[PDB]
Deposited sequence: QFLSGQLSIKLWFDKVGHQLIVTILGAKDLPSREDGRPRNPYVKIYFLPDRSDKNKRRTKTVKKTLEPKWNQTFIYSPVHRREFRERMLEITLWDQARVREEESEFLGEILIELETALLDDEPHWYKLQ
């Protein structure tokens, strides 16, 4: 019915350094609030399993926008190629509250090409 917006994310795995680099660039086309005002958006990421603080990261919250730009790089470590079939990134967007959607990326087929890509929020 309504557009939900998209999130630009860049992923890369450093196979020698055993680290997964996740850069959450920005979002576009976020839905306004029902009252017409813009959002105060942030992104939360869990590298699962273990839903614990160690595996949790969050962007800062941008004030009053539908096109936030965070440009933040998160570093997960230690990470091992052999673990990819059993790891996923749970990426959620929030209006600081209201849930604005989720992108769930399985590591085994993730775009680990160090390029930015757009993902639809669900």
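In sequence order, the deposited-sequence ranges that have no modelled C-alpha atom: Coordinates drop out only over 97-103.
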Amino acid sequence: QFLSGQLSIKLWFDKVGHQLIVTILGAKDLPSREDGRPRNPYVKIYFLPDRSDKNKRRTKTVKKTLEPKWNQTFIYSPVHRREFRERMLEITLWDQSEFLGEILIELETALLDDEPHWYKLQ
From here on, numbers count along this sequence of modelled residues.
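Take the C-alpha B-factors listed in the entry for 70-78 and for 51-59, compute each mean, and give the stretch with the larger one. Between 70-78 and 51-59, it is 51-59.
Compare the mean C-alpha B-factor of 9-17 with that of 110-118 as given in the PDB entry, and name the stretch with the higher value. Result: 9-17.
According to the PDB entry, is the CA B factor of residue 45 in the bottom, middle or top third of its chain, that is, lowest, middle or highest? Its C-alpha B-factor belongs to the highest third of this chain's values.
Among the chain's modelled residues, which third holds the C-alpha B-factor of residue 90? Lowest third.
Once the chain's modelled residues are ordered by C-alpha B factor and cut into thirds, is residue 35 in the lowest, middle or highest one? Answer is lowest: the recorded C-alpha B-factor places it there.
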